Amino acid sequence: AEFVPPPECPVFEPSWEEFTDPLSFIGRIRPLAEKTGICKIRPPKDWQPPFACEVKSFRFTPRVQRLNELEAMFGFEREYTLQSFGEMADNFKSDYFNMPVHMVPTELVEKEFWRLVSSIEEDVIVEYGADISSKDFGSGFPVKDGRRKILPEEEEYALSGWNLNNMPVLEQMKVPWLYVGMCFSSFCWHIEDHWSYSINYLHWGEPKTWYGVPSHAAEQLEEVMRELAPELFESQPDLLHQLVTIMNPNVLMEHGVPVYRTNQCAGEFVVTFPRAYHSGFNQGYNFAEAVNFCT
């Protein structure tokens, strides 16, 4: 049985008037987006912030991820540059599918990803950078710090409300984190600390595939997760269990849990609503930035 893609989550293409600030816009789309857990926001075509990270000195040690670690029930983290990681990432994907990386359909990577997660005869290992502080490496967005030069054409993005460094983070301190992905690199089902909102921007690269569950089904997902989780992980606290909450979306959908999907492309935002469980994986070499915010 092949993977059945969940229905698509809402995609909003606001005009320049509606693109005023995220909090006011997110508040207006809330009646629909909170019923799907996640949503995608495409900025106007003329809104193109330049990549402001120091690519030359961007050196990181990615995490190692075995796709079928739960099904099977040694591996250690090589330092890459942003360019050397991309060469490895593209070589892996083109070799795996035996075709140019830009020719692999997104539905094929999705179908192959979920086959490998539950496959016991093929062990696929990938690498990714995650939770990289924008303070130590610089943000993908231009920032008024004096650390790097801001051109006059870039000041509008350093002051934009959609710049993740300008999101309100103080609940009635925190900085955005960076994520460098490759094909099959994934993140497990989780919600944010304090049931916070989260906003995610894909600066460049191949798409990031998301799955989302509305907050009204959070208890149902947790019950399905605990009923099907291994016996040794079923009783673990949520903060620790979320580190290994891998589950095919079709399994949740079979148990009545509503699940929505989307492919986040370069230059697009993804917002997850409070207590909306979400998971996903990367289609290929990409660079993302994320922050939890409060309304």
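Heads up: residue numbers just count along the shown sequence, starting at 1. In this text, rigid core is short for the largest set of C-alphas that superpose within 1.5 Å between two forms.
Core superposition of the other structures onto this form places the C-alphas of 127-135 farther off in 9 other deposited structures of this protein than those of the other stretch among 185-193 and 127-135. For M173, the fraction of other compared entries lacking coordinates, among those that model flanking residues, reaches at least a third. Missing deposited residues between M73 and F74: 4 to 9, all without coordinates in the entry. According to the PDB record, 155-163 carries the higher mean C-alpha B-factor of the two stretches 106-114 and 155-163. Taking only CA atoms, the mean B-factor in the PDB entry is higher for 137-145 than for the other of 92-100 and 137-145.
For the set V257, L239, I41, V55, the PDB entry assigns the largest Cα B-factor to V55. Highest C-alpha temperature factor among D131, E87, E127, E79, as the PDB entry reports it: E79. In the PDB entry, a CA B factor belonging to the lowest third of its chain's modelled residues is recorded for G37.
In this PDB entry, the Cα temperature factor of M173 sits in the top third of its chain's modelled residues, the highest group. Looking at the C-alpha B-factors along this chain, the one for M247 belongs to the middle third.
Among the modelled residues of its chain, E121 has a C-alpha B-factor that falls in the highest third, as given in the PDB entry. Remark: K45 belongs to the highest third of its chain, ranked by C-alpha B-factor as recorded.
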